[PDB]
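# Architecture and fold: a report
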Amino acid sequence: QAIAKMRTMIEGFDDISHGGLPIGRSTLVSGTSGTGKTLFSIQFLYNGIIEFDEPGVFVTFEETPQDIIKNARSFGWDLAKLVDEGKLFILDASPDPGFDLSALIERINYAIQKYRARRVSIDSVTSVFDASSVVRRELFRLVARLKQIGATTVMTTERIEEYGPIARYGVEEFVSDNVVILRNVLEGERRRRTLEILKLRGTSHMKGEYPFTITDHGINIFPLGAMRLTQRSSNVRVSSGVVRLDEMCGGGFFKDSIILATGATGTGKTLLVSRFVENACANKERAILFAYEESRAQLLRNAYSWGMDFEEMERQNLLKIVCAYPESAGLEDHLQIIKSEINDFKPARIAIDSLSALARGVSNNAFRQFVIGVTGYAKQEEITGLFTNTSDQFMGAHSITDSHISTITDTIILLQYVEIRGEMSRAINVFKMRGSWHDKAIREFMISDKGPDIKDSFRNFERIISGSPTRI
Amino acid sequence: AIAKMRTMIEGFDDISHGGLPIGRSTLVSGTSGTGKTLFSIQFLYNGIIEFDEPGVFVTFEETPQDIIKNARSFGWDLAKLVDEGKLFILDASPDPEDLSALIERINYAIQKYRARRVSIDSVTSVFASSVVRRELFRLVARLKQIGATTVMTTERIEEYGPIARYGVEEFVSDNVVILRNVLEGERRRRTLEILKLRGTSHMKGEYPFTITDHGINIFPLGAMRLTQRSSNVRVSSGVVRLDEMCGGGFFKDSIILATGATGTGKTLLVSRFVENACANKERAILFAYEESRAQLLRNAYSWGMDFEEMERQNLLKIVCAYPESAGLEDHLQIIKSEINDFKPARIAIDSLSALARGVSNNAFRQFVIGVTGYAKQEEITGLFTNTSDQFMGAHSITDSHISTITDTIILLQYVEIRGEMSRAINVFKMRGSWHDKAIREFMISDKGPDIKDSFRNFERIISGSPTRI
Amino acid sequence: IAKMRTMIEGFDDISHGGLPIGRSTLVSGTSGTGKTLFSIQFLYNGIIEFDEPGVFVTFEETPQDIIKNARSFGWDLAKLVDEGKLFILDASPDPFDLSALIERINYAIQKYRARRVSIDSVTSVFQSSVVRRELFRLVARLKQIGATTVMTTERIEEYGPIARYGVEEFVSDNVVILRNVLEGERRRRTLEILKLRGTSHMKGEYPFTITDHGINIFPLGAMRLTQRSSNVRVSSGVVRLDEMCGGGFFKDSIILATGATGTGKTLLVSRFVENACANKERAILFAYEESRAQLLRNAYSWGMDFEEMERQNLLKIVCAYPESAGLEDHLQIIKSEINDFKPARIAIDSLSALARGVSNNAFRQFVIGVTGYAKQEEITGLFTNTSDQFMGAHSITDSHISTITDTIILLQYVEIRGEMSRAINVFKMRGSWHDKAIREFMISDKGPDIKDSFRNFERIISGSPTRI
Ligand SMILES: Nc1ncnc2c1ncn2[C@@H]1O[C@H](COP(=O)(O)OP(=O)(O)OP(=O)(O)O)[C@@H](O)[C@H]1O
Ligand SMILES: Nc1ncnc2c1ncn2[C@@H]1O[C@H](COP(=O)(O)OP(=O)(O)OP(=O)(O)O)[C@@H](O)[C@H]1O
Ligand SMILES: Nc1ncnc2c1ncn2[C@@H]1O[C@H](COP(=O)(O)OP(=O)(O)OP(=O)(O)O)[C@@H](O)[C@H]1O
Ligand SMILES: Nc1ncnc2c1ncn2[C@@H]1O[C@H](COP(=O)(O)OP(=O)(O)OP(=O)(O)O)[C@@H](O)[C@H]1O
Ligand SMILES: Nc1ncnc2c1ncn2[C@@H]1O[C@H](COP(=O)(O)OP(=O)(O)OP(=O)(O)O)[C@@H](O)[C@H]1O
Ligand SMILES: Nc1ncnc2c1ncn2[C@@H]1O[C@H](COP(=O)(O)OP(=O)(O)OP(=O)(O)O)[C@@H](O)[C@H]1O
Ligand SMILES: [Mg+2]
Ligand SMILES: [Mg+2]
Ligand SMILES: [Mg+2]
Ligand SMILES: [Mg+2]
Ligand SMILES: [Mg+2]
Ligand SMILES: [Mg+2]
């Protein structure tokens with residue numbers, strides 16, 4: 001048969017490893033200091049005991065068992081209880097403030113034999129080490145030893161560089177069958193943790209780097225390229241909160257769709273968003289406004305001057321206003337918050353104000369990856385998503401988005417300024433709709449105390465899209 | 001000329017100009033997980049199963065049991081061939097609880113099995129550069145006298161560092177293959193190179209490959225001979241008016257490009273293109289990289305076409321995938337793979353601009369030439385869509401500059417007429433045919449696209465903001 | 001400082017005569033560079049071209065194999081050994097060492113009356129300060145013996161130290177470096193004379209190709225070679241285009257057909273190539289975007305029978321992806337094919353295709369080379385160049401190679417009355433008058449037809465003109 005694997009039950013990993021770690025073989029987990037090796041090792045054992053009734057041995061080489069049990073209480077895992085229930089054996093191989101190899105393989109086997117233990121975690125084998133071929137042969141002996149037992153091993157290894165050699169010595173890499181590289185890449189002044197499976201001998205795996213976050217629920221990996229173009233798509237309509245906009249969308253937005261609001265600063269994106277949120281609470285549905293530009297304080301003042309009261313919506317428990325600076329974390333961290341926050345609130349409508357805030361400084365690819373995730377998560381979860389985008393230029397803009405994410409959205413609302421008679425008008429347009437007919441008219445519109453009023457088209461003008469048209 | 005032995009690895013025999021030179025050792029160096037072992041296993045396996053050429057595998061770390069088990073993954077029974085006496089896994093790995101000695105064992109094994117092939121994996125784990133060359137030289141030199149073609153595995157620490165670990169292994173061997181696993185920004189890319197073959201020609205540079213269920217599959221971008229068939233056979237676009245604008249419809253043996261701003265009607269044309277195939281009981285595949293099976297099924301139904309029906313009839317397969325789910329190399333395989341099972345008459349990729357996201361224009365072009373080329377030589381009508389970055393005033397058909405690779409170009413654009421977003425369609429070019437040269441207005445309905453009349457009384461129609469005459 | 005001719009294509013140019021006589025020349029380089037091929041070709045040429053006997057010292061490769069490897073290039077070293085013009089000296093170990101070697105070299109030189117010596121590789125012998133003296137000794141002895149030697153050395157890094165130990169350079173009188181540099185995924189073979197003590201040579205690196213004929217270097221600087229130029233005319237194949245140029249294209253000239261995709265560059269090529277064969281003259285067609293079947297089909301739709309012209313051995317079609325080879329290799333394929341057919345006209349369709357993925361310096365070098373070869377061999381070259389922009393193009397070429405062409409035929413779309421019409425312009429003609437009018441031209445089953453100019457329009461060059 002094909003190489004049998006053993007599920008780790010670490011969010012994402014088992015999809016990246018196409019099942020889990022090859023059973024009976026050792027797997028190297030190497031990374032710089034604070035990459036998540038120990039955690040990868042604990043979480044690996046814990047889940048086997050709790051879920052599969054597979055006992056585990058943790059082989060510490062410096063961390064006192066008090067501290068291992070103590071660090072586990074942070075993630076809400078109680079190791080002490082599994083010790084006292086004879087399921088998890090912590091095997092202190094740290095020296096009190098040669099016997100190595102043969103002596104230790106006996107000790108770890110006396111424990112492997114004693115607990116019927118199907119899983120082992122050695123952390124960190126590096127600290128035992130010796131020149132170049134010394135680490136290779138002493139290591140190899142240990143791997144080949146455990147393979148004879150028929151036990152499945154996680155081998156924490158250290159690193160000095162972030163994209164340097166795999167291990168410390170340039171040997172371990174090859175001794176082991178399965179190699180996992182953790183990274184904590186400094187991208188500007190922020191840190192992006194990624195896990196890569198370099199090889200699993202005798203089996204396929206997902207290639208490349210995958211981002212993850214160490215939350216209070218452990219390692220959470222988002223398989224960026226393991227989401228499936230496999231979501232539901234109804235014809236159920238919903239209201240935008242603007243009646244003339246619903247008319248122009250051929251009877252309102254689709255429930256299962258991503259809507260994009262594109263225009264210069266001060267064109268009315270946050271007004272359409274505010275409105276899009278107030279419609280959900282008006283029909284007794286929960287909504288989340290993900291603000292990254294304005295504070296709750298300012299989002300209420302401005303909403304109340306447009307006629308709508310966020311307070312009664314919040315108190316009724318139908319509207320959550322979140323608010324975060326994009327620079328406060330990295331994209332994976334934000335994507336984590338958003339997914340986390342949608343689960344505990346279970347809304348029918350998400351709104352992010354704005355994507356253009358989150359694209360700042362971050363690379364185009366890194367940004368798009370975030371957008372394929374948030375767009376993709378909403379789509380498969382049957383949640384309507386309105387995403388605001390502020391164009392870098394206020395006039396003469398030729399591209400909808402500067403990040404080029406138009407092919408990812410289903411519906412594009414387009415706000416733009418228009419200069420007539422030495423004044424600055426606005427002009428909404430339903431630029432596209434996937435499914436609906438939609439109005440093809442660039443209707444002028446005004447904002448008041450009442451909200452948005454969508455009047456008539458500029459029938460007697462040429463080059464409306466320019467920003468300074470000419471009366472025909 | 002030097003005599004070569006066919007390896008039966010997809011792409012290698014063409015890259016090596018006939019296989020590995022016979023009676024010489026070939027060095028295959030790479031970083032961890034590069035496909036070194038796989039290359040050597042295959043070398044032997046494909047040798048045994050095809051030409052009844054027996055082979056020997058020397059292993060210094062991996063147990064023989066494991067070389068047999070790992071091989072089962074690719075659906076090959078190495079165990080059956082050990083019994084049959086065609087293979088022999090000479091276990092040279094250390095015991096948990098020699099230079100000339102091994103050579104004698106390897107020599108003995110060769111005659112003891114009439115073996116024409118060898119694979120020593122890896123001759124580094126056995127190990128001072130002064131010393132490593134002398135013994136490595138002895139081994140490779142010995143094997144030349146035995147008269148046995150050899151694949152010798154060696155390890156590396158850096159993708160563009162020294163070819164092998166000790167800056168010696170290279171110069172000893174007659175033949176050097178580098179397997180690479182380059183990090184293309186969070187996505188990996190597997191390339192095979194032949195750095196030197198003493199006494200013969202080969203192909204130069206990096207050639208990308210994939211490790212799959214069927215082993216190593218290399219796509220030689222530079223040997224796919226631009227020597228492909230052609231006809232004047234016409235196939236319908238799925239729109240009678242567009243067919244007329246092309247001068248009888250599309251050519252069968254042609255790459256078509258549908259270009260335009262976001263939501264101009266590309267994915268609609270892709271739909272009508274695919275349906276028309278199912279109408280004439282001909283198979284087609286729809287490669288969707290932006291929508292989803294449901295949203296495609298839906299959006300099409302609101303255009304009066306049942307994809308649900310076509311799939312049930314097995315005349316339409318829909319392969320949905322995110323562009324960033326894998327690197328280009330993998331995609332090209334999936335695309336080429338899905339075309340070999342289903343054996344279609346027409347292919348559709350929606351869209352190319354989606355795949356060019358976050359990738360060097362080179363990797364893209366090579367990929368595009370790849371798919372273009374394959375469909376062309378396989379006599380398959382290819383409709384590819386491209387979203388222009390600029391919705392109005394676009395000065396270039398594509399930002400990837402792949403217009404020259406296409407044969408036919410359907411250009412869709414927005415036209416601002418009396419405060420409205422009207423659309424237009426013009427057959428920009430058509431190699432072989434006449435085609436209409438008119439920027440004719442069209443509307444989309446429940447029925448689909450209706451191609452009306454040109455903007456006769458307008459100036460600067462392309463700019464997207466025209467002017468009344 | 002007297003020099004020995006290598007007869008290695010173009011090396012004698014770079015070296016200003018060849019290798020300094022009675023001195024060793026280091027030829028360092030990474031694996032697969034062509035050091036062993038260089039040193040073999042240095043002796044072989046020495047024998048066949050001057051009857052200068054050579055001695056080849058091998059420290060790894062068995063004499064048996066060195067012969068087998070050479071049979072590749074069509075050279076028979078076995079015959080040259082039996083005849084005693086070449087002596088392969090085996091100094092490999094079994095499967096007082098430097099001095100023992102000198103003696104055996106000095107033995108063969110005196111025994112075989114040998115002018116040339118090749119030692120590959122001196123490095124492999126050794127196993128830093130110590131390497132210097134042993135090498136110095138080896139060279140100093142060979143200068144006493146009075147032998148011009150080639151000495152191969154190996155390198156780890158492609159732009160790192162000129163030799164393994166960072167010494168071999170300083171001890172040698174002459175230094176040559178072979179490089180096999182990686183341009184993305186394609187390889188580029190470059191040769192560089194780093195120094196020749198006592199003499200002049202061409203500085204910097206020069207590309208080369210290892211072919212069935214050995215090391216073929218292109219000294220991309222020492223070209224010009226005078227080239228001849230006449231006022232002889234040649235029909236373009238389009239009657240009006242012939243007039244608009246002032247009697248046709250000059251015989252010894254570079255024609256450029258720039259324009260947006262689908263404007264008709266390939267049609268202008270097709271007729272240009274036909275016109276040669278209508279006057280029983282050979283022409284090669286170098287295609288980089290269209291297969292011979294498609295070129296055959298589309299031509300047949302414009303009237304011309306490509307198949308008929310191919311049978312009479314007048315018209316030759318090439319066809320090759322740019323991504324298949326590098327630029328140096330493409331230059332060779334063309335330089336080769338011209339020699340094997342000796343055509344009156346080459347047609348490259350397109351230069352724009354071959355510029356893909358390459359640096360403009362690397363590309364522009366390629367163009368200089370193709371131009372200068374066609375110009376000096378008096379082959380009239382038409383070249384096509386599809387522009388990046390189909391309307392609003394402000395530059396004739398995006399490669400900036402307009403100064404390298406003598407004549408430019410500029411096609412462009414013109415937006416008239418809601419339709420896409422094309423226009424032909426003779427943009428320049430060094431030597432002739434040429435028409436200065438932007439003319440409209442249709443393409444029918446019969447080929448092109450150039451009608452009347454757009455005199456009643458403004459802003460034609462933009463592609464969106466205004467009626468006035
Ligand atoms: N409850 C928690 N909430 C959030 N982050 C946490 C929590 N507990 C631990 N972390 C973080 O997760 C990281 C996990 O690193 P881990 O303890 O696995 O070290 P390691 O990767 O083995 O490296 P080292 O060799 O330095 O021990 C810690 O550095 C810590 O910053
Ligand atoms: N009470 C009001 N009466 C009338 N118009 C108002 C009122 N309050 C705000 N506006 C209008 O609404 C605009 C506010 O911009 P809005 O938040 O709607 O859009 P936005 O594009 O998201 O803004 P930004 O790009 O600055 O984040 C102001 O420029 C103003 O013209
Ligand atoms: N059945 C399979 N399907 C897909 N990929 C596979 C399969 N089996 C193995 N692989 C891939 O092959 C790689 C391992 O190949 P191989 O063992 O030849 O590597 P290697 O370069 O010899 O490594 P090392 O020398 O460090 O052992 C892994 O990265 C894995 O993803
Ligand atoms: N039922 C319908 N009735 C009328 N018009 C429709 C209908 N369905 C779609 N349309 C129009 O046609 C467009 C369809 O375009 P299509 O789905 O081909 O997108 P596209 O041009 O591929 O662009 P993108 O890649 O950005 O989605 C819609 O945006 C809308 O303007
Ligand atoms: N007939 C041929 N046609 C084309 N290329 C050839 C031919 N014969 C050999 N080559 C190429 O030319 C090179 C000749 O190798 P050569 O032994 O000269 O290199 P080298 O740098 O001395 O190698 P090393 O130092 O590793 O021994 C090889 O890369 C080979 O691929
Ligand atoms: N039989 C025909 N009748 C009329 N026009 C034709 C015919 N065949 C081709 N054409 C026209 O010729 C054009 C193609 O010209 P050609 O192939 O020379 O283009 P090009 O300038 O080389 O551009 P590219 O190489 O980018 O395709 C088509 O756009 C088409 O309008
Ligand atoms: Mg730790
Ligand atoms: Mg705002
Ligand atoms: Mg291996
Ligand atoms: Mg689409
Ligand atoms: Mg050599
Ligand atoms: Mg062309």
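Counting of residues begins from 1 for each chain and follows its sequence as written, which need not mirror the entry numbering; any residue without coordinates is not displayed. Lettering of chains starts at A and numbering of ligands starts at 1, both following the order in which they are written. Values throughout apply to the part shown, which belongs to a larger assembly of chains. Side-chain calculation: all heavy atoms of the structure are included, whereas hydrogens and water are not. Residues with missing side-chain atoms are left out of burial classes, side-chain pairs and their counts.

Listed as the method for this PDB entry is X-ray crystallography; the listed resolution is 3.1000 Å.

### Here we look at the overall build of chain A
Looking only at helices and strands, one finds 15 helices and 25 strands in chain A. With respect to the three principal axes, the spread of C-alpha positions in chain A is 90 × 45 × 45 Å. Strands are runs of DSSP state E lasting at least two residues, helices are runs of H or I lasting at least four, and both sets are numbered from the N terminus onward.

### Focus: the overall build of chain C
Of regular secondary structure, chain C possesses 15 helices and 24 strands. Counting only C-alpha atoms and orienting by the principal axes, one finds that chain C spans roughly 95 × 45 × 40 Å.

### Here's the deal with the sheet that holds strand β3 (residues 26-31) of chain A
Residue and element names in this part refer to chain A. What makes two strands pair is DSSP finding at least two bridges between them. The strand order across the open sheet built from nine strands is β5-β4-β6-β7-β3-β8-β9-β10-β11, with neighbouring strands paired in mixed fashion. Edge strands, defined here as strands with exactly one partner in the open sheet, are β5 (88-90) and β11 (218-221). The mean angle between the axes of side-by-side strands here comes to 25°, regardless of whether they run parallel or antiparallel. Where helix α2 (residues 37-52) meets the sheet, its contacts fall on β3, β4 (56-60), β5, β6 (119-123), β7 (152-158), β8 (178-187), β9 (190-200), β10 (209-215) and β11, and the angle it forms with β6 comes to roughly 165°. Note on geometry: axes are C-alpha line fits, over the in-contact stretch for helices, and angles between N-to-C directions span 0 to 180 degrees. Residue contacts are counted whenever heavy atoms from the two residues lie within 4.5 Å of one another.

### Some details on the interface of chain B and chain A
In this complex, chain B contributes 61 residues to the contact, which on the side of chain A involves 68 residues. Mapped onto the side of chain B that touches chain A, the elements with two or more residues apiece are α3 (64-72), β9 (188-197), α10 (293-301), β19 (408-416), β20 (421-430) and β24 (467-468) of chain B. The dominant element in the side of chain B that touches chain A, judged by the number of residues it contributes, is α10(B), at five residues.

### Topic: the interface of chain C and chain B
Across the boundary between the two partners, chain C contributes 57 residues, which contact 66 residues of chain B. Those elements that provide at least two residues to the side of chain C that touches chain B are α3 (63-71), β8 (174-183), β9 (186-196), α11 (292-301), β19 (407-416), β20 (419-429) and β24 (466-467) of chain C. Broken down by element, the residue count for the side of chain C that touches chain B peaks at five residues, all from α11(C). Nonpolar residues are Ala, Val, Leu, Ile, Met, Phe, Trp, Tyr, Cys and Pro. Charged residues are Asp, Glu, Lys and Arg, and all others, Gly as well, are polar. Classifying every residue of the side of chain C that touches chain B by side-chain character gives 12 nonpolar, 23 polar and 22 charged.

### Looking at the domain arrangement of chain A
Interface size is often expressed as the accessible area that is lost when the parts come together. Residue and element names in this part refer to chain A. The domain boundaries assigned to chain A delineate domain 1 (5-221) and domain 2 (243-472). Taken together, the contacts link four residues of domain 1 with seven residues of domain 2. Mapped by element, the contributors of at least two residues to the side of domain 1 that touches domain 2 are β9 and β10. Each residue belonging to the side of domain 1 that touches domain 2 can be placed in one class, and the counts come to one nonpolar, one polar and two charged. As used throughout, domain bounds are those supplied by an automatic or database domain assignment.

### A look at the packing of aromatic side chains
Centre distance and the angle of the planes are the two values used to describe a pair of aromatic rings. What counts as a ring pair is set by centres within 6.5 Å for rings of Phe, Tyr and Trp (its six-membered ring), and what kind of pair is set by the plane angle: stacked under 30 degrees, edge-to-face over 60, tilted for all other angles. Note on A:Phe13 and A:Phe40: the rings are 5.0 Å apart at their centroids and 80° apart in plane angle, and the pair reads as edge-to-face. Here A:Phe13, found in helix α1 (residues 13-16), pairs with A:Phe40, found in helix α2; they are 27 residues apart in sequence, far enough to count as distant. Pairing B:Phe428 with C:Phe390 gives two aromatic rings, centres 4.8 Å apart and planes at 80°, and the pair type is edge-to-face. Remark: C:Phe390 occurs in the loop between β18 (380-386) and β19 and B:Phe428 occurs in strand β20; the pair is interchain, linking two chains. Site record: aromatic cluster; members linked through ring pairs are A:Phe431, B:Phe391 and B:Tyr414.

### Describing the environment of A:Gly24
All names here are of chain A. Tracing the backbone through its elements, the reader meets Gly24 in the loop between β2 (21-22) and β3. When the C-alpha atoms of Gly24 and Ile3 are compared, they prove to be 9.9 Å apart, with 21 residues separating the residues in sequence. Residues in contact with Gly24, not counting those within four places in the same chain, are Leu146, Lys147, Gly150, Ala151 and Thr152.

### Focus on the UniProt feature "active site" in chain A
Residue and element names in this part refer to chain A. UniProt's entry tags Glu62 and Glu293 with the feature "active site", counted in the numbering of this structure. With respect to the element layout, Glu293 can be found in the loop between β15 (287-291) and α11 (296-305). Other than its neighbours up to four places away in sequence, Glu293 contacts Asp353, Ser354, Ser356, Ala357 and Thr390. UniProt positions are given in the numbering used here, feature names are shortened, and annotations may be inferred rather than shown by experiment.

### Topic: the domain arrangement of chain C
Residues and elements named next belong to chain C. Domain boundaries in chain C define domain 1 (3-217) and domain 2 (233-468). With four residues of domain 1 at the contact, the number on the domain 2 side is eight residues. Counting only elements with at least two residues in the side of domain 1 that touches domain 2, the list comes to β9 and β10 (205-211). In the side of domain 1 that touches domain 2, the residues fall into one nonpolar, one polar and two charged.

### A word on unusual backbone geometry
Each neighbour pair has its own omega, and for B:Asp350 with B:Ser351 the value is 10°, a cis peptide bond. Turning to its location among the elements, B:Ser351 is positioned in the loop between β17 (346-350) and α13 (352-356). The omega torsion across C:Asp349 and C:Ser350 is 10°, close enough to zero to call that bond cis. By the secondary structure assignment, C:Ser350 is in the loop between β17 (345-349) and α14 (351-354). We note that A:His438 has phi near 55°; this positive angle belongs to a residue other than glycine.

### Regarding the packing of helix α5 (residues 102-114) of chain A against helix α7 (residues 132-149) of chain A
Residue and element names in this part refer to chain A. Where α5 contacts α7, the two axes come as close as 11 Å, and the packing angle between them is 20°. With respect to α7, the axis of α5 lies roughly parallel. Remark: the crossing between α5 and α7 carries right-handed chirality. Two secondary-structure elements touch here, α5 through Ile105, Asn109 and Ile112 and α7 through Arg141, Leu142, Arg145 and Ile149. Classifying every residue of the contact of α5 with α7 gives four nonpolar, one polar and two charged. By the definition adopted for this analysis, an angle is roughly parallel if under 35 degrees, roughly antiparallel if over 145, roughly perpendicular if from 65 to 115, and oblique otherwise. Note: crossing handedness is left-handed where the near helix turns anticlockwise from the far helix by less than a right angle, and right-handed where it turns clockwise.

### Description of the sheet that holds β10(C)
All names here are of chain C. Strand order in the open sheet made by the nine strands is β5-β4-β6-β7-β3-β8-β9-β10-β11, with mixed pairing throughout. Lying at the two open borders of the sheet, with one neighbouring strand each, are β5 (86-90) and β11 (214-217). Adjacent strand axes in the sheet meet at a mean angle of 25°, parallel and antiparallel pairs treated alike. Pairing of strand β6 (residues 116-120) with strand β7 (residues 148-154), which is carried by four bridges, proceeds in the parallel orientation. For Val117, the partnering residue across the bridge sits in β7 and is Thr149.

### Topic: the pairing of β3(A)
All names here are of chain A. Where β3 meets β7, six bridges bridge the pair, whose relative direction is parallel. Paired with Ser30 across the strands is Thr157, a residue of β7. As paired strands, β3 and β8 are joined by four bridges and run parallel to one another. Bridge pairing in β8 places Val29 opposite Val180.

### So, the pairing of strand β14 (residues 255-260) of chain B
All names here are of chain B. Sheet analysis places β14 next to strand β18 (residues 381-387), joined by six bridges and oriented parallel. The residue bridging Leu257 from the neighbouring strand is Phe384, located in β18. Bridging between β14 and β19 involves four bridges; their strand directions are parallel. Residue pairing in the sheet places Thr259 in a bridge with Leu411 of β19.

### Focus on the environment of B:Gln228
Its place among the elements puts B:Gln228 in the loop between β11 (215-218) and β12 (234-235). Separated by 85 residues in sequence, B:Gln228 and B:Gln313 place their C-alpha atoms 31 Å apart. With sequence-adjacent residues up to four places away left out, B:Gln228 is seen in contact with B:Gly373, B:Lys376, B:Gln377, C:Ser291, C:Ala293 and C:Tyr321.

### Considerations on the UniProt feature "binding site: Mg(2+) 2" in chain C
Residue and element names in this part refer to chain C. Under the UniProt annotation, the feature "binding site: Mg(2+) 2" is placed at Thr266 and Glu289. Across 24 residues in sequence, these annotated residues keep their C-alpha atoms within 10.0 Å of one another, forming a single compact spot. Within the secondary structure layout, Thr266 lies in helix α10 (residues 265-278). Dropping the residues within four chain positions of it, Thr266 is found in contact with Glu290, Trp302 and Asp349.

### Digging into helix α15 (residues 360-376) of chain C
Here α15(C) is 17 residues long and its end C-alpha atoms lie 24 Å apart, about the 24 Å a rise of 1.5 Å per residue gives. Just past α15(C), the residue C:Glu378 takes up positive phi, approximately 60°. How far a helix is expected to stretch is found by multiplying one less than its residue total by 1.5 Å.

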